[PDB]
Structures are given as C-alpha cells and as structure tokens.
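These notes concern the structure reproduced below.
Computed from the coordinates by the stated procedures, all read-outs in this text should not be read as laboratory data. Using ideal geometry, Cβ is built from the backbone for each residue, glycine included, and neighbour counts are taken over all protein chains shown.
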Amino acid sequence: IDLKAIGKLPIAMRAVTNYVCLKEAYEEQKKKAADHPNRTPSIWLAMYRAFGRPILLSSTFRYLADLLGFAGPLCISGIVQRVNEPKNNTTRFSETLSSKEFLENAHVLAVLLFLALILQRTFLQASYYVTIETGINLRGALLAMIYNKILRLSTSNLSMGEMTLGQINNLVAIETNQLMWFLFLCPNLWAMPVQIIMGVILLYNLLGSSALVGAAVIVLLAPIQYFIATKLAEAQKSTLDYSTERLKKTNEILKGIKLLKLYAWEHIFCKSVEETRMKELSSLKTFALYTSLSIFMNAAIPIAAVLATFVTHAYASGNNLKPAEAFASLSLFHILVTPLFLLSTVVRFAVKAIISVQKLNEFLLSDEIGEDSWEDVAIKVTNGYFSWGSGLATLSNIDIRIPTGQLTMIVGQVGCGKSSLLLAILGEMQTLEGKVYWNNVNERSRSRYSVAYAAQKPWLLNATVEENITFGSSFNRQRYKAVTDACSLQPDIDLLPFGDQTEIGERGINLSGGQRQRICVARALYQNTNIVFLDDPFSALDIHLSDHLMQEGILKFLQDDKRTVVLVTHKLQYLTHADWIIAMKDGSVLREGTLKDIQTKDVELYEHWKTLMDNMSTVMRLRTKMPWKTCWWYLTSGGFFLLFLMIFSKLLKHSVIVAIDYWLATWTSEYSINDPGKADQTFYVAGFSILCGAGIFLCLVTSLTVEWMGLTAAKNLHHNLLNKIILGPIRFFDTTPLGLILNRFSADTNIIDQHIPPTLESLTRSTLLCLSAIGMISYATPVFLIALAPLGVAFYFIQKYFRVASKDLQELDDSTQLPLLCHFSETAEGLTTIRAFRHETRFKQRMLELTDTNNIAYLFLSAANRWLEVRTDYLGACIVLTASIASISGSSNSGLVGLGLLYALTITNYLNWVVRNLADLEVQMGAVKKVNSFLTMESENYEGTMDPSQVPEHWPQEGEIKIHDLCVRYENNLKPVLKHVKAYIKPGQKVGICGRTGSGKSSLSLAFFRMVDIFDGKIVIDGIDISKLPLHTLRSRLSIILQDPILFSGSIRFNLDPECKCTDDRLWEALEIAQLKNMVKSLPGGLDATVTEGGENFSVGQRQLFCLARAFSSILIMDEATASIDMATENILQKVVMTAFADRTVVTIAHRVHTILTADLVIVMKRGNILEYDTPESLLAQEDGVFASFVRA
Ligand SMILES: COc1ccc(Cl)cc1C(=O)NCCc1ccc(S(=O)(=O)NC(=O)NC2CCCCC2)cc1
Ligand SMILES: Nc1ncnc2c1ncn2[C@@H]1O[C@H](COP(=O)(O)OP(=O)(O)OP(=O)(O)O)[C@@H](O)[C@H]1O
C-alpha cells in the first residue's frame, strides 16, 4: 500500500513557501491600502499577486489546445473533400512542386489529424496538471494563514462566545476545498469564449448560412442547465436538513437499545421515525426530478439543434449538401458542446469562491489585534483601567506583586473575578491598559515564559490519554508512574482496553468530569519549569476525602519540592495552610496573610466562614471485481422495470441516434450534382428529418428511467433496514460499538440516495455510445474489426489495473484527511484552554508536517488520474489513425468515411469517462455492500403454539419463581454464565438483599433477558412455562430498570404511547411518588415536556422511571444506583413500599451496603445466589449469607 510514499517537495510548496508568499502579499495589501484606508473597501484585490506562480501558462496552453482541437474537424472535412474522383480527363505533371498539391491528398490530412490530436491532448493535460499542482499549494497557504491568525490571536476571545465552533464549522472543508477547485477550474471561465467564438467563426466559414440559425441554439441551451442548477441546490439543501433531523432522531432511538429491547417501547419509538424517513423521502423525490430533467437537457439539445439548421437548409435552395460539408459541421457541433457544462459549473463556483473569501476576510479581520497585545515575577501595574478584554471598567485600581511559592487563593463563589483576574495576571488577558511593570529580571511577553496551567473548563485530547498527558517532554516510567500512582486512575486503568494509550476524549472512550479534572491537574503535574498557575480547579470535581489526599500527593510532589505551587480554589475541604486570601469584589487583591494573620486584620470575613462552615490474500486477492455479486443484488431486487423497460429504452434511444446519423448520411449520400432540380430538395425529409423528433423524444424517457429506479430502491433499502433491525438479539447489540451501526445507517443511505444513480447513468451512456461507435467503425471497413481489436483489448488489461490501482490510493486518501481536520478541530475548540501553556508556537510544528503529508497523497491521486487520461487519449488516437487509414484505402463513398472518422473522433474522448465511471461505480457499490450484507438477516425467531392466555396484571403467588438449581454453563453466545448457582428466592420478600459480585450481574441480567442453556431445570414460575410464553406479546409485559436509570429522550411528554389515556400522570400517579412531583406537581413544563438526550440533565428529582405512574406492570426490578443521592434513594424506597402495597415483592441486585442496607425480608445465599430463605440478618451472618455484606456491617 505504501501509504506514506514521499514528500519529495516539502521545500517547494508545502509549508514554508506558502507562508513566504501569502504573508508578503498581505503586507503589500496593507501597505498599499494604507493610503486609501476606506475610500475603496476591497478585501483581497491583491490575491492576484499572491504567489508569483504564474497561471498565464495554463491559459496559453489551453488556448493552443482549443485551437488545435477545433481545427481537427476542418481536417476531417479536407479528408472527405477529395472523395469525388476527377481523373481520366486531366493528370497534371507538376514536377517537383511542393506546396501546389500537398493539401487535398487524403493521407497527409489524416497524418496531420493524428499529429494535431496527440499534441492537443498532451498540451491540455500537462497544462492543467501544472495548474492543479499550484492549486494544492494555494490551499495549503490559505490554511496556514487561517491557523496563524487563529492560534496566537484567538485565545482571549469574549465575542466568540456566540459561536464557539464557527471556524471549525466553516473553514474545515467548505472553504479551502471551494478555493482549490475554483483555482483548478478558473482557466475554463477565463478562456471558454476562446473556444465558443472560434467554433462559431469556423461554423460560419464552412457551414455557410443554413446552419447559424441551427447553431446559436446550443449557446442558449447551456443556460438551461445553468438555470436548473439553482433549483437542484435548493432541493439538496432541503434534503440535507431533513437528513439531519432523521440522523438526530435515529441517534436518540438507537441510544436506548438495551432499555427498549424488552420493555413496552420496543418498536413504537421508531414509528414516527419511520414516517420521518418517508417524509424525508418526499423531498428526495423532488430533487430527483430536476436531475432527471437535466439529463434530458444534456441528452437531446444537440440533435434538436442540428435539425434546426437542416430546416434552415430549406433557406439555402441548393440542390443538396456535399457529404464533405455537413459531416464536419456535425463534428464541430459535437466538439463545441463540451466546455458549456464547465461554464455552467463555473457559474456557481465563482459565487462559492467569492462568498468563501469574503467570509475568510471577515473572520480573519475580527478583533484579532488586541486579543494578543505584546525572582521570576511579572506584575506591577498602576492601571487607570484593566478591562476584562472587551469589557472595560472591570478591574480599576489594581496593583499587586505576588511573592512566589505561595498558596494564593481568593476563595469566593460570587463576584470573585477568579477567571478574569487569573487570565489578567499573566498577561494572557487584555488588561494591559495603563502602565504595567515587571520584576528586575526574568529569572517581551510580560514575564510569563515559566507559566503552567490546568483546565478550568475541562479539556481532553482526541487521542490516547497518555498522549494527552505527554506534554512535549521526556517520558520514563519512574516519575510519571509515581505521579500517576499518587492518585491512581484504577477504574481508568481497568476500563481502558490498552491502558492510557487506548482511546480517550472526544470521539473516543468517555471520561467523567471528576476524572477530567484529575487528568488536567495531573498533566499540570507532569510539567517542567513548574511555576504553576491555577484558577479554582477544585470547586466542582471535588475528590471526596481525596482532595486532601490529592493535596498531599501534590505536597510530596511539589510542596516538598522547589517549584512555586498555588491554587485559587474556593473549597474548604482543603483549607489547611490556606493562608493567602483576597476580598476583590470588583477590585484588586488588597489582602494577603498567613493562616491566622488574616484574623489579625480582624475582618468579618474569617469569623463568618465558620458559621457557614486477517490476511492480504483475503483482501487484495479478493479485491478484484469486488462488488459484482452485490451489484447484482442491488439492481435485481428493487428494480421496478430495472431492465425490462429502462434497458430496452436506453438501447432503443442510442440506436435511434445512430440511425439518425445514418439517415443524415443517406439524405446526402450521392445525390450532389446528379440532379440540381426542384423536387430533390425535400425527398429525404421523411427518411432523415422525420426521425429527428425521436432523438428529442426517446432519450427524454430514458432521462428519467434510471433515476426513477434508484429512487424506488432507496426507499426499499431504507425500509429493509428498519424491517431487519426493528428488534434484534441482545448479544450483537451489547457486543458491537454504536458508532459503526450509526455510520452504516447514515452514510450508506446518503450514498445510495445521492450518488449511485448518476454514476450508473453516466457509465451506461458511455459504454453504449462507445460500443455503438465501435460497431459503426467496424462496419465501414471490415479490416477495422480486426484493426480495432488488439490495442483496446490490451487496454482492457490496463483498465483492470486502474480498476484497482487508484482505488488503493483513494483508500489512502480515504483516511489521509481524517487527522489534519481534527487539528483545526482541537486548537479552536480550546479557544482559551490552550491560552498560555508555553507551547503556542510549537502548535505549528505538527500542522506544517501534516499539511504536506496529506497534500502529497492528494497530488499522487491527481497524477494517477492524469496518467489514466493520457493513456486513454493515446489509445483513442491510435484507433483514429487505424480507422481513418482503413476508410481512405477502401474508398467506398464519402458517407462511409465521414461516418467512420466522426465516430472515431467521438469515441476518442469516452474512454476516460468509461474508466472513471467504472471506478466510481465499483467504489460506491463496495461501500453499499458493507451494510447490504446485513440487509435483512434475522437472528431471533418466534415459532410457538402458545394458546391465547388472558393473564392480566394480577400477581398469582407473589411471583414465585425458583427455576434454577445448580445452573449449567450457559451458551448461545450472549455473555454466558460460566458457573453453577442454584436459585431459590423468597416469594413475599419486600426489601432488597445483599449479593455477591460473582453472580450479581448474572442475576440482574436474569430478571428478564432470554437465554437457552442457562439454569434450565425444575421450574415453578408465573403459572405459565418460562420458555412457552408467546413471543408476540409476553415479552411486552415485562419490566426492568437501567443500571443508572437514563431516559435520554422526553419519555414523559409522549409517555402515553401505549393504551393509557389515564389522564392521571399530572398529580395522581406521579406527584405522590414525590420524585416526579418536582417535574409534575410544582412545575410549569407540563404534561408535554422533553429533554434532549437527558436522563439526568433536567431530571434530577426522578432519575428512575416513576413506578407508581406506570401503575396508575406488576414486577419491579432494581439496579445499582451509581450516582443517586442517598436521601432521594430512601424516598424512592418509601415510594417502593407504596408500590409494594400493590406488589409486596421485590428483588434487587447489589454488592454494597448503600443499596442493600434496608433489608426487611432476605435470604441466606450461596456464593452469590440464594441458598435458603431466612429473615434474620444475624442468621445470615452466622451462615455464608451476609459476611461480605458484614464487611461493612
Ligand atoms: C481543466 O479541467 C477541466 C477542463 C475542462 C472541463 Cl469541461 C472540465 C475540467 C474539470 O473537470 N475540472 C477543472 C480542474 C480539474 C480538476 C480535476 C481533474 S481530474 O484529472 O478528473 N482529477 C480529479 O478529479 N481528482 C484528482 C484526485 C484527488 C483530488 C484532486 C485530483 C481535472 C481538471
Ligand atoms: N465568557 C464570559 N461571559 C460572560 N461574562 C464573563 C465571561 N468571562 C468572564 N466574565 C465575567 O467576569 C467576571 C468574573 O468571573 P469569575 O472569575 O468570578 O467567575 P468564576 O468564579 O470562575 O465562576 P465559577 O464560580 O462558576 O467558577 C464575572 O462577573 C463574569 O460576568
């Protein structure tokens, strides 16, 4: 694969030269515009003179190539002119003459055509290859500048709080890509008239008069596509917004798989979501319509146009048209039509580039100056003003110099200024107004080169945690491991699948806010030249009974070391030696003292405080013809007249166009001067012109056919997913990550909706047209059948090479763009988190490598495409020479040679289209196959003769269930239980019972979750067989509680999705529970209130589902309250007793006394499962019952 092949030109245009050009251009812009500061409000009027890398070579070569190409058809006309044979009556001598008769000879013209074709193709490809190699550089430059102005300026930002991710939202991939594409496409806009005008002049010169009327039609046909563009863009935007709504709803739905997999809300939660898709589907249909129409515009106008000219042929009154006069005219028409689509694309591209550059100028001209205005002491200020950045009059009359090595902490939660003052001390905040002085020596950035900082708003790297803490220094096990073990991350030690080197942070493994603050303080610890600066890091993530432990680890770490260590915390848990304190209240620090010296000043301040206290052979070797069978699956299944109608229609239209050409040949076949006459002018209008309507009609039908098929398949494919995974087995869902499933649901549905149809249409059109042309060229000369056989056949092998080669390069590209954008994700996301960490300049060091490391692969892919195009062009030129030589040797008639040469010139260009479309289809279908293999697989059957049983909510025998006795080793690949634990429970057991870790999880999962070979045996449960309960409805009757009850969506506003028009959820079944009372009884949100992905965001009064409200099932099952307030848990227990009035039986799973302390009826267990029934807890102590529980009792 050779993912990182070579930089091979990092000096040329990677990082250094890009800045060396763009910065100088900016300097020239500012210096010149200084004279007219506001008379002319330009932005990048000097963006022309930005590089010195000329683009004039591109335009010059392009103009030369266009002239040669447009000349070619005149050579075709010459080669057809000499068809008439005027000999046997005059054979001039013309001895030794050179320029006299060198022109009209056929063979010399043919060789001229070959030379011109090769030269034009080569010049064109080389010129815009060079242009692209410059474009890439421009993109690198623009990015380098956006970073230079976003890194060392965007730290002290206060207006940016309106949109904190605006930069990483705009400049990520919408702007730079737009500018790179527009630079690579500019020559078309600059010199497309150089082709249109030239073609018009040639057509007027050789066509005469009957064609201009039929010629100027296409010059207006192109604006039809330019007009369709806007509507297509609007439809795409609407579809994108609907897709965003669908994606958010799907994320919410899929986030509760284990919760909904058995409750009464399994399928229903997707109902509207399904409609959502259908709803969104409607918008997609609208977009498809315009696209299909656009294809008709591109598939009909030429034919139509030429008919017009031939209609105006009746305005010429001539006998007929010389076959050497109109074949070349049609060739010119078929050549002119190419750059018009480029022009139409440029119509939108210019607007996109202008918008992007203006947005970039506005962003990079937004308070970026003044947001960075430039014994180890820094602070001596006599300011008449020290503004909170933009906010003036914030710190008036501030003057303080802080002796080092102190615990300076102005503890205060209200009006403290701890963040404003903390940022303004080290100069990182714009409080420099007035006069500021520093110490007599540093041992001009305001004396802060020895700073050290830790998070106040948490921050985690998008990489390994160990990387997140490496902090740009050495890394050896001794000091790092000692610091880590001072306050060990044991839960993080076991939870990370590869240690601290495993996934961590955003788009990685999650981390808690307490752990986040610990990580921040630890990365503060593993820093050198420690003169640390903190701004109250321990007011929220308080280490319970460990904040003192953390401060003692830090004691032996730095407070027993020679390094200034401070903290600006407000907590009184670690208040020992909290000597330094201030009373700012919108003022500077005017207080400083020892532990009791503050009481000397005797402020009401001290006293008051007390009162408030895998293999390559299985990937590469099987990569050849990768999607074939999957493509057959794609087309066949969901194709409404996929090939019954659309294939036949496409073939009919193509053959009809070929017959139209043959009819054009027939109309002017041989009657040229055999009959000037008056009745021979309109003979063939029923043989040639009468078919013209077919050319404008038949294709139009096919213009929708392919697209229509795709639309149907999309809905069906999407529906299949919902059909497949409406409900599923718990093993896979508890095994695989959620992100991959969400990606398979979203990205692949986008691909199948948007990109497959145009690729298929283009590939089919190219293949069929090339085949038709090959057939014609073989007809006109038998030798052509042999003559066109070998070389292209060899090309076939070469074709196969590309059919893989660039794909792998694309594969490299497919990953190459992942990291670099994340860089622009990180530095900006921490707009202030990386303010003054003494490594700001060092941020460029990695970016300037990444940019080149990616643009190198970009250029490699471009070069591969260029080589493919050149090879196709030369193969076509060879085919043209062969067919032309054969036609001129055979010399049957002018019509045959004209048709052959025109079709060869047509086929010259379609090979690149065919190859590119083949690659696109292969890659797209391979992407489809990733989720098309799991299209409808079913792994949870339901085949039971369970008779109709009423089974109301009544409790038969208090839910007596003892069905496990010496449980066997479980199976069915669903996290089996791998031991033996006989089960024998207490029927009338109200309160919960302590349990061992060995079987606590197994029992918790065993309350309702299915299993085959787990604990089968003698059973007495529920009055119906455990295995014979109906799979249609019985599983809907169960109930569970999540480990830490999280209901992300509303689940209250629309909680009456099943048949409950109870009209009592307001205050009768919920307020009495006293946990839902806060959100219901005394709340104005109402019976229709929702919280976005929150089970604990806005619902703190009842994190668990309201048990009484659901009983406005009958079996209640508990879990492990990981983050529940003990008082609230006791209140919920009182509500549980209120429910027990209707239940009087509850089983729970717990291993700690905090959840198993209130036992009223319990059992005496065996190794983790209940062994016998016994109320007394002391009896359980004598036996093996509660010894592990006794470890706290
Ligand atoms: C100058 O050009 C044209 C001239 C005429 C017409 Cl009517 C269309 C174009 C055109 O289409 N565009 C403008 C400029 C342009 C862009 C790409 C190509 S390319 O050779 O097809 N290369 C790729 O597309 N991708 C590679 C792979 C990695 C990404 C970047 C390069 C060729 C040219
Ligand atoms: N991003 C911001 N938006 C609005 N006001 C701000 C911002 N940053 C600072 N301020 C202002 O600066 C003043 C000083 O804030 P201070 O440092 O006391 O907050 P804090 O004590 O860190 O907050 P917390 O107690 O939650 O940690 C506040 O009155 C606040 O209005």
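To the nearest 500 deg cm²/dmol, what mean residue ellipticity at 222 nm is calculated for the chain from DSSP H runs of n ≥ 4 alone, each contributing -39,500 (n - 2.57), summed and divided by the residues?
After summing the helix terms and dividing by the residues of the chain, the value is -17000 deg cm²/dmol.
Cross-link candidates for residue 1061: which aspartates and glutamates have Cα within less than 20 Å, leaving aside residues fewer than 8 places away along the same chain?
Cα-Cα hits under 20 Å: 266, 953, 1069, 1072, 1088.
How far apart, in nm, are two points set 7 Å out from the Cα along the Cα-to-Cβ line at residue 393 and at residue 794?
Label-label distance for residue 393 and residue 794, simple model: 8.6 nm.
Tabulate in residue order the Karplus-calculated ³J(HN,Hα) for the stretch 669-677, using 6.51 cos²θ - 1.76 cosθ + 1.60 with θ = phi - 60°, rounded to whole Hz; enter x for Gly and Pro.
With the stated coefficients, the stretch 669-677 comes to 4, 9, 6, 10, 10, 5, 7, x, x Hz.
At residue 98 and residue 351, where each label point lies 7 Å from the Cα along Cα→Cβ, what is the point-to-point distance in nanometres?
So the label points at residue 98 and residue 351 sit 5.7 nm apart.
Determine which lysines satisfy two conditions relative to residue 231: a Cα distance under 29 Å, and not lying fewer than 8 residues away in the same chain.
248, 249, 279, 285, 352, 359, 650, 653, 715
Counting only other residues whose beta carbon sits under 13 Å from that of residue 535, what net charge do I get with K and R as +1, D and E as -1?
My count for the surroundings of residue 535 gives +1.
I want to check the label-to-label distance for residue 1178 and residue 680. Put each point 7 Å from Cα in the C-beta direction and report it in nm to one decimal.
It works out to 13.0 nm between the two label points.
Pull up the cross-link candidates among the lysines for residue 610, meaning alpha carbon to alpha carbon under 21 Å and not fewer than 8 places away within one chain.
Once the sequence-local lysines are set aside, what remains near residue 610 is 571, 585, 596, 601.
First check a/c for the stretch 350-424, with a ≥ b ≥ c the square roots of the eigenvalues of its C-alpha gyration tensor; if it is under 1.5, answer rounded, and if not, answer prolate when a/b is larger than b/c or oblate otherwise.
Prolate is the answer for the stretch 350-424, as a/c is 1.5 or above and a/b outweighs b/c.
Anything over 19 Å Cα to Cα? Flag those among 629/800; 258/986; 258/1001; 962/1028; 625/800, in the order listed.
The pairs that break the limit, which is 19 Å between Cα atoms, are 258/986.
Can you give me the relative contact order of the stretch 679-805 as a percent, contacts being Cα pairs under 8 Å and 6 or more apart?
26
Most exposed first by the Cβ proxy, i.e. fewest other Cβ within 10 Å, how do 833, 1175 rank?
Ascending number of Cβ neighbours within 10 Å: 1175, 833.
Taking a ≥ b ≥ c as the square roots of the Cα gyration tensor eigenvalues, with a/c under 1.5 meaning rounded and otherwise prolate when a/b beats b/c, else oblate, which class fits the stretch 449-547?
rounded
Report, in debye and to the nearest 20, how large the dipole of the chain comes out about its Cα centre when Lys and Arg carry +1 and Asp and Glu carry -1 on their Cβ.
2060
What length, rounded to one decimal in nm, is gained on full extension from residue 874 through to residue 1096, with 0.36 nm per residue of separation minus their alpha-carbon distance?
Extra length from residue 874 to residue 1096 when fully extended: 73.2 nm.
Show the residues, 5+ positions off or on another chain, whose built amide H is closer than 5 Å to the amide H of residue 496.
Sorted by chain and number, the residues that satisfy this come to none at all.
Please identify which residues in the stretch 650-672 have an amide N closer than 20 Å to a label point set 7 Å out from the Cα of residue 779, following the Cα→Cβ vector.
650-671
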